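What is reported rests on the model, the rules as stated and the sources as named; nothing here is a laboratory result. Cβ sites come from the backbone with ideal geometry, for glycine too, and all protein chains shown count toward neighbours.
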Ligand SMILES: Nc1ncnc2c1ncn2[C@@H]1O[C@H](COP(=O)(O)OP(=O)(O)OP(O)(O)=S)[C@@H](O)[C@H]1O
Ligand SMILES: [Mg+2]
């Protein structure tokens with residue numbers, strides 16, 4: 001029981017997820033509240049079996065689910081609809097069945113169907129017979145998740161709530177919107193992503209970098225920082241000259257790269273430096289700007305519109 005389906009006791013706390021305060025809240029009421037106080041839900045008030053998370057690409061939907069499942073001391077079982085409907089097309093019902101199977105045997109637990117939209121785009125046989133089986137098998141499995149037992153909740157995710165099979169949509173009672181990151185979020189994300197790395201920037205800087213990347217998403221900023229992080233490696237990769245900037249207090253001499261005429265520079269390469277005596281240059285403001293300036297926000301307003309529309313026409317109620 002593996003491969004196409006991922007398992008784990010995930011370890012992501014609400015604090016690990018940047019901003020999304022409103023969504024985080026939503027989920028506590030929808031998920032943690034029933035879990036922790038369970039027979040608050042006697043009678044006609046029953047808990048939610050289906051929760052969809054929609055938003056534009058990169059806004060934390062996957063991460064937040066893990067966070068949910070961790071904040072609900074749960075086990076996380078997750079499938080990638082794309083793959084499921086295109087790369088595992090052979091054993092899709094087998095896999096869907098196995099997903100729900102494994103969930104129930106590991107109660108309490110959460111199922112994460114990513115890219116729920118990838119179960120539609122309908123034609124005649126390829127994506128409308130060879131596929132519709134999967135749509136059904138999932139639908140059937142979920143008749144069993146409002147019935148059978150509830151210690152198993154389905155979370156679904158899309159970046160395209162407007163391609164979500166009508167039938168499938170309705171099966172997710174509660175729907176929640178995961179927007180692009182606010183300045184606040186965007187700043188903590190820059191910090192989170194950089195964490196330990198030796199780095200010049202003060203908080204105000206990050207504040208500014210945040211300010212400078214409005215429109216960017218979670219993945220976007222992640223790309224940026226990843227990119228930014230190779231500056232030091234690249235620099236270390238390509239002097240020429242190194243310096244011994246260790247102070248009277250380092251155990252060992254710390255040889256950082258430097259301009260070639262420059263006080264104390266002696267010409268070498270990284271291949272000359274010993275294990276203990278290398279000193280990666282700190283990230284610089286310029287490092288980050290360079291990175292940002294060669295990234296473009298992945299999400300454009302066209303997307304956002306369709307996103308807001310769905311919020312309006314299906315956001316809440318039914319539907
Ligand atoms: N709110 C957040 N807090 C911390 N990291 C985030 C956040 N949002 C996005 N990220 C980062 O961006 C990565 C990709 O985002 P996901 O968590 O996959 O959410 P998503 O909305 O499903 O984005 P995808 O997968 O591109 S559609 C994450 O694994 C994190 O590295
Ligand atoms: Mg995702």
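Can you work out which of the residues in the stretch 53-74 that are surrounded by fewer than 18 Cβ atoms within 10 Å (Cβ to Cβ) and not in a helix (DSSP H, G or I) is nearest to ligand 1 (Cβ to nearest atom)?
Within the stretch 53-74, the match that is nearest to ligand 1 (Cβ to nearest atom) is 57.
With the requirement that a residue be without any contact (Cβ under 8 Å) to a residue 40 or more places away in the chain and either in contact with a helix residue (DSSP H, G or I) (Cβ under 7 Å, 6 or more places away or on another chain) or within 16 Å of ligand 1 (Cβ to nearest atom) (or both), what does the stretch 112-150 give you?
118, 135, 139
Say whether the condition of being in contact with a strand residue (DSSP E or B) (Cβ under 7 Å, 6 or more places away or on another chain), within 19 Å of residue 158 (Cβ to Cβ), within 16 Å of ligand 1 (Cβ to nearest atom) and not assigned by CATH to the domain that holds residue 190 is met by at least one residue in the stretch 43-52.
yes
Go through the stretch 194-211 and give me each residue that's surrounded by 16 or more Cβ atoms within 10 Å (Cβ to Cβ), touching a residue at least 24 places away in the same chain (Cβ under 8 Å) and within 21 Å of residue 298 (Cβ to Cβ).
Within the stretch 194-211, 194, 209, 210 qualify.
Do we have residue 84 as closer than 20 Å to residue 62 by Cβ and in the same structural domain as residue 309 (by CATH) here?
yes
Do any helices (runs of 4 or more DSSP H) entirely within the stretch 118-207 hold 3 or more residues that are over 26 Å from residue 309 (Cα atoms), and if so, which?
Numbers: elements: 132-146, 166-171, 183-194.
Once the helices (runs of 4 or more DSSP H) in the stretch 118-207 are filtered for at least 3 residues that are over 26 Å from residue 309 (Cα atoms), what remains is 132-146, 183-194.
On the basis of being crowded, with 19+ Cβ neighbours inside 10 Å, more than 23 Å from residue 173 (Cα to Cα) and touching a helix residue (DSSP H, G or I) at 6+ places or on another chain (Cβ under 7 Å), does residue 109 make the cut?
It is false that residue 109 is crowded, with 19+ Cβ neighbours inside 10 Å, more than 23 Å from residue 173 (Cα to Cα) and touching a helix residue (DSSP H, G or I) at 6+ places or on another chain (Cβ under 7 Å).
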